[PDB]
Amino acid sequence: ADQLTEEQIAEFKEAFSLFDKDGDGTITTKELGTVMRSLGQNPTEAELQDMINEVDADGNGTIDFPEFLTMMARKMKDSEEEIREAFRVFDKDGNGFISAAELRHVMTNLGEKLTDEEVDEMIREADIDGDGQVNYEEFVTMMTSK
């Protein structure tokens, strides 16, 4: 159930507005296809009717904000949870920080051999305050939800 602040809904409503081109508050297959053709996609009509249908709670044939949002919050919510759970696997001593030895050790046990250099590269494309570690905040920014 969408608890959400005023900011992520400002994001979700923007997300919606870009789909609802003529602004009548609902997204049609024709409006969905346009967006998707725009982003380089190649869908069929049967495909679009299929997307509009799994989210069309009231079966009227178009997606409205309420319907759009229920679904976007469920997604966003499943994602935050799997990123939260992933953090738990790397941070094996619970300190709230994933260190190189942590990441290295885990990668090894995960079916992957990495060098000292490679690990530092990973724990450095995420590290925003040069301390040699990735905390949950830094981690969540790397794994932008999904």
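All residue numbers refer to positions in the sequence shown, first residue = 1.
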Practice prompt. Could you check the entry and say whether 36-44 or 89-97 has the higher mean CA B-factor?
Written response: 36-44
Worksheet item: Out of 53-61 and 102-110, which stretch has the higher average CA B-factor listed in the record?
Response: 102-110
Worksheet item: Looking at the C-alpha B-factor of residue 13, is it in the lowest, middle or highest third of its chain?
Response: lowest
Item to complete: Sort the modelled residues of this chain by their C-alpha B factor and say whether residue 24 lands in the lowest, middle or highest third.
Response: lowest
Worksheet entry | Ranked C-alpha temperature factor of residue 128 among modelled chain residues, by third | highest
